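Okay, so we've got the same protein chain twice, two forms, each given alone as structure tokens, structure 1 and structure 2.
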Structure 1
């Protein structure tokens, strides 16, 4: 295993069934793995090498779907090669899937507290190693069959899955984007900071509570204009606890300079005080099981 290299995947990883996300396996162990396969030009291969040097290293962590490495499956000369980004497998789907299947498209507050803490613990690990995730959203928060919460990592340190295959030219979905990452009249140069992940975490908590991020009903281009202008988003319903409202307001501080860090939000009462944690963990494991059958 090497994360500073760019070898052919043959004899290391192979694809089993469905850049597109594929189910794959480590040849020698038989361990399942999610593999992102992208078409790369023979010129984009030189861009990968530079981005691989930009990679920051960090250990395994229980809240991060481990990034195993990058590989290039070479095609005949002239023909577009294949970039493979290999990551640990999470079989119970995303948090967006979880909230979508449930009745009323809303999760119980103690489920949001549990999932949000796992997201933050994963983020704390990335931030302490000087890495910004940059794409926190319910789709990138996965569940294992054992109700373990893991952040998608296809080489987040150098954003290997967002910089090649003409993907780099796409703006993407704007709804989880922090105000500072949106270039507007007062912010001409986008400023990605570790705290941009915390804004995304707050939008993910709203998404778990309501089934969709704020401004979901708007055209992405309109939402992109409104995020840096609108006051921080709020939960629509008054049903929620005072701690949950407080948590949202904590993440969603408009000016990133004044937004708390991961450690400070990990101490927030909504995250810190989870009396029914054991039952939540059981309720989630049970929800995953009955959804499978």
Structure 2
């Protein structure tokens, strides 16, 4: 029981060409300031799958590494169709880190850039985990950048609806099997996803990308922990990947333990990397 978005917000275009679904690049009518709008048709069979998606965005978006919730609206539809719920949040102008690697020579980021982004993801995850919230969808597409290289987490669509989605970033425990019938979920599942995102930043695609999603979903709980293809990477980076990709979630380190990892903790070029990333955004824009 909110208000109509008319004169307050307006849709411009669909952002991720399908990746995020019905997510638009919106505009605050009065100021002209950009915002991202998630549009979801409120049906009788989706009444509480939308109500608590608003409650999660408002409460947990108050953190520098999470895209801030602005407000929720309802655009009333004529008698013969369902109403549209508009979920407004801060817009991230630089795009996703999947798009960043895709628009880089050799489809690979500098090891210190991976260290900066991964730390910011972990910092965002730490805020959610302390608040008893699992993201459940950490992937390069759900990790966004702003015009001044700020890293922000997005999508609470599956956080703790009938489609399974991309499997490549899923942790083994997330995928139900014979010895894991109920797929015992944990906050540490996001850390496996964070490690796959680091391989994604280092190679331009997640492990098993060249496979059918159904075969990848079958192999993730059977295959040994994924490794980086190239030997060029530092011993600190291999240790971080190893740390994130522990097959059994029961002996996988916590977000706090991973924040203390030398690859995340020891960042001497922090300022220089932030400028290097800011330069890369401008160069791609023009």
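Positions refer to the first chain, counted from 1. Definition used throughout: the rigid core is the maximal C-alpha set that superposes within 1.5 Å between two forms.
Only one entry in 182, 72, 124, 215 has its C-alpha moved by 2 angstroms or more between structure 1 and structure 2 when the rigid core is superposed, and that entry is 72. Relative to the superposed core, residue 13 shifts its CA atom by 2 Å or more between structure 1 and structure 2. The Cα shift for residue 225 between structure 1 and structure 2, taken after rigid core superposition, is smaller than 2 angstroms. Residue 51 is among the residues whose C-alpha shifts by 2 Å or more between structure 1 and structure 2 once the rigid core is aligned. Summarising the core-aligned comparison between structure 1 and structure 2, the C-alpha atom of residue 90 is found to shift 0.6 Å. In this core superposition, residue 25 moves its Cα by 3.6 Å between structure 1 and structure 2.
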